[PDB]
């Protein structure tokens, strides 16, 4: 059936403008009522505006009546959303959304076609890889013959990083925590794993950290000390 593919994540400096795209495939395009809903991390959903390509012009919410500009190119089967004068609260996943099938009454405002999303980040801080610090196990990390160790991948930008254990061999009992935002304006996350104490001398434990944005793949051995 019909699908919506959005443009890749994109970082923007406060005060700039971003143009997120949304391309349709698998059916037609010009009759669809394409909305834009955005969502801030840990927050709910917010509707912004909507365009129907043959109807010509978009219509917006009053809040974003600046500012946001929704357009459609019926030849690309692509619609766009543009948002000026960015700001630290305008950072969110920006969803492209629509309705399938026939439209009766107000039913085109219920959304059963969504795009994958687009994370738009507004920050002054510049594109920089992480730095992983051995989170070694100790007698204090120990209960039940199990030993918790981990990594700390600190001060990277922007999201995200993927953390793996032993190139992929070790997956069970892992807890890679979701990043937080530090006062620094850069993210830290701490990945941890729960291994048997016996293996601490026999089995090495290496965390792999991928920061695709910075082009940074980094292994870091962790062992007691």
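Numbering follows the first chain given and starts at 1.
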Mean Cα B-factor comparison, 94 to 102 or 122 to 130, giving the higher one as deposited
122 to 130
On mean C-alpha B-factor from the PDB entry, just flag whether 203 to 211 or 10 to 18 is the higher one.
203 to 211
Name the one of 113, 136, 81, 110 with the greatest CA B-factor according to the PDB entry.
136
Ranked C-alpha temperature factor of residue 157 among modelled chain residues, by third:
middle
Ranked against its chain, the third holding the CA B-factor of residue 144:
highest
Among the modelled residues of its chain, does the C-alpha B-factor of residue 191 lie in the lowest, middle or highest third?
highest
Residue 178 - which third its CA temperature factor falls in, relative to the rest of the chain
middle
Assigned third (lowest, middle, highest) for the C-alpha B factor of residue 66:
highest
